[PDB]
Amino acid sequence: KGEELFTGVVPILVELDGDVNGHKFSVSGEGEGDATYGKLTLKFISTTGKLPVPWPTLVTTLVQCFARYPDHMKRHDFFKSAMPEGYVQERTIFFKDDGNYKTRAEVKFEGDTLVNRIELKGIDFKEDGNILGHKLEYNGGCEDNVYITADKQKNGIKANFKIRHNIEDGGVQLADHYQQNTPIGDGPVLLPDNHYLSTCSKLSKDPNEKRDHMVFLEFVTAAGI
């Protein structure tokens, strides 16, 4: 059972290769996840200098297998059931009145470590917009619940949710997330009934960190059944 792989604290490594309007950047992340508490503690670093986009816009792209599914919902945890082979997570994130991200990631175990290797491509972003202009507050913003539905055709799941980033000069920047997850292996997975994940994140900085970075804390819990 893939759930047995998350009984304790699991180390995490994240790799993101990004490209926004043709400007390449790379982010390396590490930390740990405790599915018993739906708790994620991560630190992310840009290895290519100042990012061309705000950190809050990459939060969702930068491991839902660490969601806490209560006992009465364990049958609906697709993410852990796909482990250790893992799953492919793909998203299109439409930023209202701005560009969009298209992301493809492989979430799988490499040894005792849960790894998230991501490719991100952003296009049609406006230099005078909130994203390329770095006009978003540094926080998790209003995070709508992640509504998950089964996709038996792909033996996986789909998800939909909006992120609302506060704009420093007042207002909000909507980010419409459209998500699809498919298992990497051919083994059996758990196709869930309709449910959602509740998220709460806290973004902070490391005083000793010289590079553009993000210290990240998240609690994710399933509900709706």
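Numbers follow the displayed sequence, beginning with 1.
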Per the record, the count of deposited residues between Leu62 and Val63 that have no coordinates is 1 to 3
Going by the entry, of stretches 114-122 and 138-146 the one with greater average Cα B-factor is 138-146
Taking the deposited Cα B-factors and averaging over 195-203 and over 152-160, the higher mean is found in 152-160
Based on the PDB entry, the highest CA temperature factor among the options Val27, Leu190, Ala67, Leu58 is that of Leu190
Among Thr36, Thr41, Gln179, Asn166, the highest C-alpha B-factor in the PDB entry belongs to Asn166
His213: CA B-factor among chain residues, third -> lowest
For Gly18, the third of its chain by CA B-factor is the middle
Chain thirds by Cα B factor, record data; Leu51 belongs to the middle
Quick tally, chain-level thirds of C-alpha B-factors: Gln89 sits in the lowest
Tertile call for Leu5 (CA temperature factor, within chain, third-based) is the highest
